[PDB]
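What follows is one structure encoded as structure tokens, with my remarks underneath.
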Amino acid sequence: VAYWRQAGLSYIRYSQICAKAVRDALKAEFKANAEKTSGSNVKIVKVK
Amino acid sequence: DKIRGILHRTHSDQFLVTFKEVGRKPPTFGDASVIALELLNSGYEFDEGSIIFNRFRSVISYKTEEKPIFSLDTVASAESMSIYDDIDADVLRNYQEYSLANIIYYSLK
Amino acid sequence: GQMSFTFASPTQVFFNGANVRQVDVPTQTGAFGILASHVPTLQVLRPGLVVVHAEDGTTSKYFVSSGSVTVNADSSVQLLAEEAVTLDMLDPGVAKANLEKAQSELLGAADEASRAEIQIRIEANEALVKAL
Amino acid sequence: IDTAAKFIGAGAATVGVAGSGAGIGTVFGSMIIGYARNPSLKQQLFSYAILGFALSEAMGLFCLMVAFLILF
Amino acid sequence: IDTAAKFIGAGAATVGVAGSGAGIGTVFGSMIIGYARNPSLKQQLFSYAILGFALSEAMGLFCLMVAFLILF
Amino acid sequence: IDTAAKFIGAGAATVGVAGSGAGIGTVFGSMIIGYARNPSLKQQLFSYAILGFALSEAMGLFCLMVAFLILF
């Protein structure tokens, strides 16, 4: 249990933020490999 | 898309969510985290499951296959985990979620 | 002795079936050392550096972000991580500036879970600087 | 005065069971935090905590046996 | 002189009841930490505490019982 | 006056063995939590408790032998 627990979060929602900070501390050379993974392409369709 | 388009007639009321725009660009691990996050925070608390996909053998012949998903913590609480160490129901809660994002990324590749 | 160490990113692979006697992993609920016959557990990770001691004279200073350590019944581990980079790809200079800006938004957070998101962000940058 | 030496000794040798009193209080403070990881209860988890009690209280009980010889 | 050996045996024997009072702080301390793993509490988790608490106090009362014999 | 010293001496010398039982409960109260993490009983773990009971009692049982030479 931590602060991300007992407030209504998930471990993916933990793992998204702490991995995003590593992609901001990279240099200009290895910024394209942070652009490579960047997995925001799946759309969301719920019928209601 | 083409899973939802086929099953739009017989099983239009057994859908949870549908994910489109898949397969144009190559799949990555972030898209395996977008799907697995929304499978939790939907309101549907489930206890077993399974995934179906096409694991290929060669250039010519593939095969549609079947793999199960032990998502529930207590079905993952059996005789074979009492041998293991200090893992509680909070550590196993965080761990069993992360293997849901690793079976989707295996399935997507 | 008679161990197996596997270390894989999603896109690349560091170690496959090659073990060197000692692995140091930052666990979510503390830290541990793998004595090559350690009592097996199923743990998950916090932001922190992994210093694998090669046999090979020297060590290997990796830095994971969030993954999973599964040491199992037979003497064999499987350490899988999402963002497993080395030290020289990171810049210390941008890591100093990112700390206090996330502390500035911490007082400016009205909600209770949005403020809890800010507490996640300051912890990862705190282990960023002290590893450097 | 000869009877007084009988009385002074046993009350002093009484207190050698005070630590053996707390020496059985911790062997039950383990099996709470021991069982609550690994439910293998009826097997040798409980059977060992039986042995640790009767051994330790016997060494407290022999300390009470010398209290009687000072008394008698 | 005959009264003075009554009270040293009264004072020194009562000392040993301190030890078993230290023991039941352990077993009630350990039930707090055993419950925080595995909430199966109303089962033999809590029942082992009342197992242990009665067994440690039985030693401490066994210490205190000689205080009423040797004084009288 | 020789009799008034021999009986207070040994009863004072018995007090220390309370220290022995209050550690000897720990050496089985660590083996309860020892085997319940990793079932390595028949190997070197249980034999350490056999050494652990044998060692700390030798710190204890010698103190009883100190009480005998005061009595004799």
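Identifiers in the structure tokens: chain A, B, ... in order shown; residue index from 1 per chain; ligand index from 1 in order shown.
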Contacts of region 82-93 of chain C at 7 Å (only C-alpha atoms; same-chain gap of 6+ positions) as a PyMOL selection string: (chain A and resi 19+25-27+30) or (chain C and resi 9-10+61-67+129+132)
Fitted chain E, least squares over ordered Cα pairs with chain F, as an mmCIF file with N, CA and C atoms, in the first residue's frame:
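What landed in result23.cif:
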```cif
data_model
loop_
_atom_site.group_PDB
_atom_site.id
_atom_site.type_symbol
_atom_site.label_atom_id
_atom_site.label_comp_id
_atom_site.auth_asym_id
_atom_site.auth_seq_id
_atom_site.Cartn_x
_atom_site.Cartn_y
_atom_site.Cartn_z
ATOM 1 N N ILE E 1 24.089 -16.800 62.244
ATOM 2 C CA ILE E 1 24.653 -15.776 61.380
ATOM 3 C C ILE E 1 25.481 -16.460 60.297
ATOM 4 N N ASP E 2 26.019 -17.629 60.632
ATOM 5 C CA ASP E 2 26.804 -18.375 59.659
ATOM 6 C C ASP E 2 25.903 -19.077 58.651
ATOM 7 N N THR E 3 24.642 -19.308 59.015
ATOM 8 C CA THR E 3 23.724 -19.957 58.087
ATOM 9 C C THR E 3 23.092 -18.952 57.134
ATOM 10 N N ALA E 4 23.060 -17.673 57.514
ATOM 11 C CA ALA E 4 22.280 -16.699 56.756
ATOM 12 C C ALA E 4 22.985 -16.299 55.470
ATOM 13 N N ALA E 5 24.317 -16.362 55.458
ATOM 14 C CA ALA E 5 25.053 -16.028 54.248
ATOM 15 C C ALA E 5 25.012 -17.175 53.244
ATOM 16 N N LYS E 6 24.566 -18.355 53.678
ATOM 17 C CA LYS E 6 24.416 -19.472 52.754
ATOM 18 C C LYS E 6 23.221 -19.272 51.839
ATOM 19 N N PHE E 7 22.178 -18.605 52.328
ATOM 20 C CA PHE E 7 20.910 -18.634 51.611
ATOM 21 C C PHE E 7 20.744 -17.418 50.714
ATOM 22 N N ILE E 8 21.375 -16.298 51.071
ATOM 23 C CA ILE E 8 21.438 -15.176 50.141
ATOM 24 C C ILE E 8 22.258 -15.552 48.918
ATOM 25 N N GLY E 9 23.375 -16.251 49.124
ATOM 26 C CA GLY E 9 24.121 -16.781 47.998
ATOM 27 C C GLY E 9 23.382 -17.894 47.279
ATOM 28 N N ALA E 10 22.416 -18.520 47.958
ATOM 29 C CA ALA E 10 21.551 -19.485 47.290
ATOM 30 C C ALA E 10 20.448 -18.785 46.514
ATOM 31 N N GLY E 11 19.850 -17.755 47.109
ATOM 32 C CA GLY E 11 18.718 -17.110 46.472
ATOM 33 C C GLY E 11 19.126 -16.193 45.338
ATOM 34 N N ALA E 12 20.216 -15.443 45.518
ATOM 35 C CA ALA E 12 20.568 -14.422 44.539
ATOM 36 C C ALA E 12 21.273 -15.020 43.333
ATOM 37 N N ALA E 13 21.916 -16.173 43.496
ATOM 38 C CA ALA E 13 22.625 -16.761 42.366
ATOM 39 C C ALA E 13 21.673 -17.502 41.440
ATOM 40 N N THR E 14 20.531 -17.935 41.964
ATOM 41 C CA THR E 14 19.618 -18.749 41.175
ATOM 42 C C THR E 14 18.824 -17.858 40.219
ATOM 43 N N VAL E 15 18.819 -16.552 40.492
ATOM 44 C CA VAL E 15 18.154 -15.511 39.708
ATOM 45 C C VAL E 15 18.603 -15.514 38.253
ATOM 46 N N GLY E 16 19.886 -15.791 38.033
ATOM 47 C CA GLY E 16 20.461 -15.595 36.716
ATOM 48 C C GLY E 16 20.076 -16.670 35.720
ATOM 49 N N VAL E 17 19.378 -17.709 36.186
ATOM 50 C CA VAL E 17 18.924 -18.765 35.289
ATOM 51 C C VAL E 17 17.673 -18.308 34.547
ATOM 52 N N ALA E 18 17.125 -17.162 34.938
ATOM 53 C CA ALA E 18 15.978 -16.584 34.260
ATOM 54 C C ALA E 18 16.352 -16.057 32.887
ATOM 55 N N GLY E 19 17.570 -15.533 32.772
ATOM 56 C CA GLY E 19 17.961 -14.865 31.543
ATOM 57 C C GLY E 19 18.103 -15.816 30.370
ATOM 58 N N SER E 20 18.720 -16.976 30.595
ATOM 59 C CA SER E 20 18.915 -17.921 29.501
ATOM 60 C C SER E 20 17.622 -18.651 29.175
ATOM 61 N N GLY E 21 16.673 -18.655 30.105
ATOM 62 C CA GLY E 21 15.354 -19.152 29.779
ATOM 63 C C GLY E 21 14.605 -18.210 28.861
ATOM 64 N N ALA E 22 14.987 -16.936 28.863
ATOM 65 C CA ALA E 22 14.397 -15.992 27.925
ATOM 66 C C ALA E 22 15.023 -16.131 26.550
ATOM 67 N N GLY E 23 16.240 -16.662 26.489
ATOM 68 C CA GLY E 23 16.949 -16.722 25.222
ATOM 69 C C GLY E 23 16.461 -17.839 24.322
ATOM 70 N N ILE E 24 16.048 -18.960 24.913
ATOM 71 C CA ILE E 24 15.642 -20.103 24.104
ATOM 72 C C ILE E 24 14.200 -19.952 23.654
ATOM 73 N N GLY E 25 13.530 -18.894 24.095
ATOM 74 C CA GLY E 25 12.270 -18.537 23.480
ATOM 75 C C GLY E 25 12.482 -17.795 22.183
ATOM 76 N N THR E 26 13.619 -17.107 22.065
ATOM 77 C CA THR E 26 13.944 -16.415 20.829
ATOM 78 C C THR E 26 14.286 -17.403 19.724
ATOM 79 N N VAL E 27 15.178 -18.357 20.009
ATOM 80 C CA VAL E 27 15.703 -19.217 18.955
ATOM 81 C C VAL E 27 14.650 -20.215 18.507
ATOM 82 N N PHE E 28 13.729 -20.578 19.391
ATOM 83 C CA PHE E 28 12.644 -21.448 18.970
ATOM 84 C C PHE E 28 11.500 -20.626 18.423
ATOM 85 N N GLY E 29 11.502 -19.331 18.710
ATOM 86 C CA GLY E 29 10.577 -18.459 18.027
ATOM 87 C C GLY E 29 11.042 -18.165 16.621
ATOM 88 N N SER E 30 12.356 -18.153 16.415
ATOM 89 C CA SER E 30 12.890 -17.728 15.129
ATOM 90 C C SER E 30 12.899 -18.879 14.128
ATOM 91 N N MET E 31 12.862 -20.112 14.620
ATOM 92 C CA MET E 31 12.797 -21.264 13.732
ATOM 93 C C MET E 31 11.405 -21.411 13.137
ATOM 94 N N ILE E 32 10.399 -20.816 13.775
ATOM 95 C CA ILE E 32 9.053 -20.879 13.220
ATOM 96 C C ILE E 32 8.933 -19.930 12.045
ATOM 97 N N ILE E 33 9.636 -18.804 12.106
ATOM 98 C CA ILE E 33 9.486 -17.803 11.060
ATOM 99 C C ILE E 33 10.484 -18.057 9.935
ATOM 100 N N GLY E 34 11.612 -18.691 10.248
ATOM 101 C CA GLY E 34 12.555 -19.034 9.197
ATOM 102 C C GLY E 34 12.050 -20.155 8.312
ATOM 103 N N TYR E 35 11.278 -21.078 8.885
ATOM 104 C CA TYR E 35 10.735 -22.178 8.104
ATOM 105 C C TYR E 35 9.642 -21.693 7.163
ATOM 106 N N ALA E 36 8.931 -20.625 7.530
ATOM 107 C CA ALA E 36 7.772 -20.220 6.739
ATOM 108 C C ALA E 36 8.178 -19.511 5.453
ATOM 109 N N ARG E 37 9.459 -19.165 5.315
ATOM 110 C CA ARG E 37 9.972 -18.749 4.014
ATOM 111 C C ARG E 37 10.252 -19.952 3.130
ATOM 112 N N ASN E 38 11.186 -20.790 3.560
ATOM 113 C CA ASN E 38 11.919 -21.698 2.712
ATOM 114 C C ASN E 38 11.864 -23.085 3.337
ATOM 115 N N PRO E 39 10.890 -23.916 2.986
ATOM 116 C CA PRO E 39 10.834 -25.277 3.561
ATOM 117 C C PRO E 39 11.969 -26.180 3.088
ATOM 118 N N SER E 40 13.142 -25.913 3.647
ATOM 119 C CA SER E 40 14.325 -26.753 3.610
ATOM 120 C C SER E 40 14.673 -27.142 5.034
ATOM 121 N N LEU E 41 13.649 -27.571 5.766
ATOM 122 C CA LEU E 41 13.668 -27.487 7.219
ATOM 123 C C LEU E 41 14.541 -28.559 7.848
ATOM 124 N N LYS E 42 14.485 -29.787 7.334
ATOM 125 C CA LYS E 42 15.205 -30.886 7.967
ATOM 126 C C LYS E 42 16.705 -30.803 7.727
ATOM 127 N N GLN E 43 17.135 -29.893 6.859
ATOM 128 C CA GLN E 43 18.524 -29.503 6.698
ATOM 129 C C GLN E 43 18.906 -28.510 7.783
ATOM 130 N N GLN E 44 19.995 -27.760 7.573
ATOM 131 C CA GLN E 44 20.622 -26.976 8.639
ATOM 132 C C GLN E 44 19.762 -25.813 9.149
ATOM 133 N N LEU E 45 18.520 -25.662 8.674
ATOM 134 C CA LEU E 45 17.589 -24.726 9.297
ATOM 135 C C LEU E 45 17.248 -25.148 10.717
ATOM 136 N N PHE E 46 16.729 -26.363 10.888
ATOM 137 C CA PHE E 46 16.383 -26.838 12.223
ATOM 138 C C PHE E 46 17.630 -27.190 13.019
ATOM 139 N N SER E 47 18.702 -27.581 12.336
ATOM 140 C CA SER E 47 19.903 -28.007 13.041
ATOM 141 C C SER E 47 20.626 -26.832 13.676
ATOM 142 N N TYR E 48 20.423 -25.628 13.146
ATOM 143 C CA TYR E 48 21.008 -24.444 13.769
ATOM 144 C C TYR E 48 20.260 -24.053 15.032
ATOM 145 N N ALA E 49 18.997 -24.461 15.154
ATOM 146 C CA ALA E 49 18.276 -24.231 16.401
ATOM 147 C C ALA E 49 18.851 -25.083 17.523
ATOM 148 N N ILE E 50 19.117 -26.361 17.253
ATOM 149 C CA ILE E 50 19.678 -27.243 18.275
ATOM 150 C C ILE E 50 21.159 -26.940 18.480
ATOM 151 N N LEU E 51 21.786 -26.287 17.501
ATOM 152 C CA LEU E 51 23.045 -25.608 17.768
ATOM 153 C C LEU E 51 22.863 -24.509 18.801
ATOM 154 N N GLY E 52 21.862 -23.653 18.609
ATOM 155 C CA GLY E 52 21.758 -22.463 19.437
ATOM 156 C C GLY E 52 21.168 -22.746 20.799
ATOM 157 N N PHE E 53 20.199 -23.651 20.847
ATOM 158 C CA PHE E 53 19.564 -24.026 22.102
ATOM 159 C C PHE E 53 20.545 -24.656 23.083
ATOM 160 N N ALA E 54 21.478 -25.464 22.596
ATOM 161 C CA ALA E 54 22.442 -26.067 23.506
ATOM 162 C C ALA E 54 23.465 -25.047 23.973
ATOM 163 N N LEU E 55 23.655 -23.977 23.206
ATOM 164 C CA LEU E 55 24.718 -23.044 23.538
ATOM 165 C C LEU E 55 24.232 -21.985 24.515
ATOM 166 N N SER E 56 22.938 -21.678 24.483
ATOM 167 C CA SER E 56 22.401 -20.709 25.429
ATOM 168 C C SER E 56 22.159 -21.345 26.791
ATOM 169 N N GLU E 57 21.670 -22.585 26.799
ATOM 170 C CA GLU E 57 21.435 -23.306 28.046
ATOM 171 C C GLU E 57 22.739 -23.646 28.746
ATOM 172 N N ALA E 58 23.833 -23.743 27.985
ATOM 173 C CA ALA E 58 25.141 -23.974 28.582
ATOM 174 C C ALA E 58 25.589 -22.771 29.392
ATOM 175 N N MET E 59 25.168 -21.574 28.990
ATOM 176 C CA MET E 59 25.455 -20.395 29.794
ATOM 177 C C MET E 59 24.591 -20.366 31.041
ATOM 178 N N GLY E 60 23.321 -20.747 30.909
ATOM 179 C CA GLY E 60 22.422 -20.683 32.048
ATOM 180 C C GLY E 60 22.737 -21.730 33.095
ATOM 181 N N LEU E 61 23.181 -22.903 32.654
ATOM 182 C CA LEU E 61 23.658 -23.900 33.601
ATOM 183 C C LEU E 61 24.971 -23.461 34.226
ATOM 184 N N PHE E 62 25.784 -22.706 33.476
ATOM 185 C CA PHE E 62 27.023 -22.167 34.029
ATOM 186 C C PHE E 62 26.733 -21.132 35.104
ATOM 187 N N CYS E 63 25.596 -20.454 34.987
ATOM 188 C CA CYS E 63 25.113 -19.610 36.069
ATOM 189 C C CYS E 63 24.665 -20.445 37.258
ATOM 190 N N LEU E 64 23.985 -21.556 36.992
ATOM 191 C CA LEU E 64 23.398 -22.340 38.068
ATOM 192 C C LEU E 64 24.452 -23.176 38.776
ATOM 193 N N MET E 65 25.626 -23.335 38.160
ATOM 194 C CA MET E 65 26.655 -24.190 38.744
ATOM 195 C C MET E 65 27.323 -23.531 39.941
ATOM 196 N N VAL E 66 27.315 -22.200 40.005
ATOM 197 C CA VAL E 66 27.914 -21.537 41.159
ATOM 198 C C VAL E 66 26.971 -21.602 42.355
ATOM 199 N N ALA E 67 25.691 -21.905 42.111
ATOM 200 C CA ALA E 67 24.743 -22.033 43.210
ATOM 201 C C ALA E 67 25.030 -23.277 44.028
ATOM 202 N N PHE E 68 25.634 -24.288 43.412
ATOM 203 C CA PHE E 68 25.971 -25.494 44.154
ATOM 204 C C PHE E 68 27.378 -25.415 44.730
ATOM 205 N N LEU E 69 28.214 -24.525 44.194
ATOM 206 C CA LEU E 69 29.532 -24.336 44.786
ATOM 207 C C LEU E 69 29.455 -23.433 46.008
ATOM 208 N N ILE E 70 28.754 -22.308 45.887
ATOM 209 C CA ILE E 70 28.808 -21.301 46.939
ATOM 210 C C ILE E 70 27.906 -21.694 48.102
ATOM 211 N N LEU E 71 26.932 -22.573 47.859
ATOM 212 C CA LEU E 71 26.131 -23.071 48.967
ATOM 213 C C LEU E 71 26.916 -24.121 49.735
ATOM 214 N N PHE E 72 27.789 -24.839 49.043
ATOM 215 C CA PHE E 72 28.533 -25.921 49.653
ATOM 216 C C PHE E 72 30.036 -25.721 49.515
#
```
Just checking: using only C-alpha atoms, which residue out of C:15, C:46, C:60, C:76 ends up closest to residue 30 (chain C)?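 Result for the nearest residue to residue 30 (chain C): C:46.
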Go through chain A residue by residue and, counting only C-alpha atoms, keep those with an atom at most 12 Å from chain B; for each kept residue give the shortest atom pair and its distance in Å to one decimal, ordered by chain and increasing number, as a Markdown table.
```
| residue | atom | partner | partner_atom | distance |
| --- | --- | --- | --- | --- |
| A:1 | CA | B:90 | CA | 6.8 |
| A:2 | CA | B:90 | CA | 10.2 |
| A:4 | CA | B:94 | CA | 11.4 |
| A:5 | CA | B:90 | CA | 9.2 |
| A:6 | CA | B:90 | CA | 11.1 |
| A:8 | CA | B:41 | CA | 9.9 |
| A:9 | CA | B:41 | CA | 9.2 |
| A:10 | CA | B:37 | CA | 7.7 |
| A:11 | CA | B:94 | CA | 5.9 |
| A:12 | CA | B:37 | CA | 6.3 |
| A:13 | CA | B:37 | CA | 7.5 |
| A:14 | CA | B:94 | CA | 10.1 |
| A:15 | CA | B:33 | CA | 9.2 |
| A:16 | CA | B:33 | CA | 8.2 |
| A:17 | CA | B:30 | CA | 11.9 |
| A:19 | CA | B:30 | CA | 10.6 |
| A:20 | CA | B:30 | CA | 10.8 |
| A:33 | CA | B:28 | CA | 11.9 |
| A:34 | CA | B:30 | CA | 11.1 |
| A:35 | CA | B:28 | CA | 11.1 |
| A:36 | CA | B:28 | CA | 8.5 |
| A:37 | CA | B:28 | CA | 5.7 |
| A:38 | CA | B:30 | CA | 6.1 |
| A:39 | CA | B:30 | CA | 3.6 |
| A:40 | CA | B:31 | CA | 6.0 |
| A:41 | CA | B:31 | CA | 6.7 |
| A:42 | CA | B:21 | CA | 5.7 |
| A:43 | CA | B:20 | CA | 5.3 |
| A:44 | CA | B:19 | CA | 5.2 |
| A:45 | CA | B:18 | CA | 5.0 |
| A:46 | CA | B:17 | CA | 4.7 |
| A:47 | CA | B:17 | CA | 7.3 |
| A:48 | CA | B:17 | CA | 9.3 |
```
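Atom to atom, CA of residue 122 (chain C) and CA of residue 11 (chain C) stand 27.0 Å apart.
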Taking only C-alpha atoms into account and nothing else, which residues of chain C lie no more than 12 Å away from chain F? Please answer as number ranges by chain. C: 37-41, 73
Considering only helix (DSSP H, G or I) as DSSP defines it on the backbone, what residues of chain F qualify? List them as a ChimeraX atom specification. /F:3-12,17-24,26-29,32-35,41-71
List every residue of chain B that has an atom at most 10 Å from any atom of chain E, giving for each one its closest atom pair and the distance in Å to one decimal, counting only C-alpha atoms, sorted by chain and then by ascending residue number, as a Markdown table.
```
| residue | atom | partner | partner_atom | distance |
| --- | --- | --- | --- | --- |
| B:86 | CA | E:37 | CA | 9.2 |
| B:87 | CA | E:37 | CA | 9.3 |
| B:88 | CA | E:37 | CA | 6.5 |
| B:89 | CA | E:38 | CA | 8.1 |
| B:90 | CA | E:37 | CA | 9.3 |
```
Could you please take those selected residues and save N, CA and C atoms as a PDB file, in the first residue's frame?
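As a result, selection33.pdb now contains:
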```
ATOM      1  N   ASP B  86       7.065 -13.763   0.837  1.00  0.00           N
ATOM      2  CA  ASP B  86       6.275 -12.767   1.555  1.00  0.00           C
ATOM      3  C   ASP B  86       5.262 -11.968   0.738  1.00  0.00           C
ATOM      4  N   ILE B  87       4.985 -12.366  -0.506  1.00  0.00           N
ATOM      5  CA  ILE B  87       3.948 -11.746  -1.329  1.00  0.00           C
ATOM      6  C   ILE B  87       2.589 -11.754  -0.631  1.00  0.00           C
ATOM      7  N   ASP B  88       1.994 -10.575  -0.494  1.00  0.00           N
ATOM      8  CA  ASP B  88       0.681 -10.411   0.105  1.00  0.00           C
ATOM      9  C   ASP B  88      -0.369 -10.283  -0.995  1.00  0.00           C
ATOM     10  N   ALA B  89      -1.597  -9.935  -0.611  1.00  0.00           N
ATOM     11  CA  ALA B  89      -2.643  -9.704  -1.597  1.00  0.00           C
ATOM     12  C   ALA B  89      -2.568  -8.311  -2.203  1.00  0.00           C
ATOM     13  N   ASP B  90      -1.637  -7.472  -1.750  1.00  0.00           N
ATOM     14  CA  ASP B  90      -1.424  -6.187  -2.407  1.00  0.00           C
ATOM     15  C   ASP B  90      -0.308  -6.284  -3.436  1.00  0.00           C
TER      16      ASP B  90
END
```
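CA of residue 69 (chain B) to CA of residue 120 (chain C) spans 28.7 Å [interatomic distance, one decimal].
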